[PDB]
Amino acid sequence: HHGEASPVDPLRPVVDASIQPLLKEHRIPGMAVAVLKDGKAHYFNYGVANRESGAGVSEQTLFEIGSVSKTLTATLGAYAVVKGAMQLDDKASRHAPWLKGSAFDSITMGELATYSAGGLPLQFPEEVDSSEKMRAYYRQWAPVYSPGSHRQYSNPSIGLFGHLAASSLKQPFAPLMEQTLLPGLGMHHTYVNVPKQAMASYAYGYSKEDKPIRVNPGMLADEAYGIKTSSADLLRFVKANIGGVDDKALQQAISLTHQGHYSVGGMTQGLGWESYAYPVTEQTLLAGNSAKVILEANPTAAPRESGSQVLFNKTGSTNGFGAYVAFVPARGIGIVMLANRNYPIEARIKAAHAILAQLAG
Ligand SMILES: *P(=O)(O)OC[C@H]1O[C@@H](n2cnc3c(N)ncnc32)[C@H](O)[C@@H]1O
């Protein structure tokens, strides 16, 4: 393609330099990247969304974002707090009669949200595949740790937080998310359940064997990892987390998600979002997103003091997809990286850190 005019955007070279190697090294079929600088969104798109159609990725392409969903679920919970339907210090069994009598009489909504209830596992046991079996699972569950003392990253934990927050608002989770929360965030192309009208924009994910796949159903998947979105909608979510939104209650909810509860190493756990003092070293960002922090129980330490420059981030994956978002309100910068391959978290962090450092100036 020589002889073509090169893109006009001054940020294109910076983003290409970090993203193109990544696509080639991990054989990523497609990636939508969106960056925020000086109030403005920039979109850089790579590759193909669906190898059957050959359609290129755009900033309207829908990707599974896996656990990045947890930031939206946390915002829904924070919205329930702002509306007075629940408090973070409520015992979880206050919001579910079927939980009365269990360990969840003495575990708070906040602890569920922040994976600190006492050792709920990363995933439901594969046998837990119905609502009835889910309820039984929680009632039988034996605490490993005292509430508040250890972070064990957990889909059953924040999934139950999101279930019960929706219940406190007297609406099922998915329609509450789609009809109240997402529209107020300006996310009009974001879904728990992708509707007919939007299916053509939905990428296929690609497994390590290059087979086309999409997310498998699971218990509390909607709450823990069930969002499909575009790079433009997720960057609008970043902007909502910096400059706010018109809905008064949703504004407060967003702010609540930034508040620190405790730290693990250099990472401070908020509601959904995980945060760092900024500027942040690649080493610190890698450690906070490392296998040790994701897969092991770590003791909770004092949260970082509030104020100064802070970076917020969240990783997420499904079998066919890999997502990352990071932003720094105090510098007005942010990045969204949505791919249809689940490629290593360390590579996401390296590229995002490098791009953000150039954007910061
Ligand atoms: P985040 O992206 O860190 O985690 C959510 C993803 O983990 C996988 N996941 C959760 N629970 C299960 C079960 N029961 N079975 C298979 N995979 C699971 C999904 O890839 C989520 O998107």
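Atoms within each ligand, like the ligands themselves, are counted from 1 in listed order. Numbers here simply count residues along the sequence, with the first being 1.
Checked against a 3.5 angstrom limit, the closest N/O atoms of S67 and ligand 1 fall inside it. At a 3.5 angstrom cut-off on N or O pairs, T315 does not count as close to ligand 1.
Considering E64, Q123, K70, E126 only, the shortest heavy-atom separation from atom 17 (N) of ligand 1 involves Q123.
No side-chain N or O of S130 forms a donor-acceptor pair with one of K133 less than 3.5 Å apart. In summary, the side chains of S275 and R304 do present a donor paired with an acceptor at a separation below 3.5 Å, with no hydrogens or angles considered. Judged by distance alone, the side chains of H353 and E282 never bring a donor and an acceptor atom under 3.5 Å apart.
Under a 4.0 Å criterion applied to the non-hydrogen atoms of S317, ligand 1 contributes the atoms 2 (O), 6 (C), 20 (O), 21 (C), 22 (O). Counting the atoms of ligand 1 from 1 in the order shown, those under 4.0 Å from a heavy atom of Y153 are 1 (P), 3 (O). When each atom of ligand 1 is checked for a heavy atom of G316 under 4.0 Å away, the hits are 2 (O).
For atom 20 (O) of ligand 1, the closest non-hydrogen atom of the protein is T318 CA, 3.4 Å.
In this structure, the ring-ring contact (aromatic ring centres under 6.0 Å, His included) partners of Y153, at least two apart in sequence or on a different chain, are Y115.
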Ring pair (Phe, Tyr, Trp, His ring centres under 6.0 Å), that's the test. Do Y206 and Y343 meet it? Break it down for me.
CA-CA 10 Å; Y206 291 91; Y343 69 101; over 10 Å; no
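The closest approach between a heavy atom of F321 and any atom of ligand 1 is not below 4.0 Å.
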Would you tabulate the side-chain donor-acceptor contacts of residues 94-104 under 3.5 Å, counting partners in other chains and residues two or more places apart, or write 'none'?
residue, atom, partner, partner atom, Å
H95, NE2, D90, OD2, 2.7
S102, OG, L99, O, 2.6
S102, OG, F104, N, 3.2

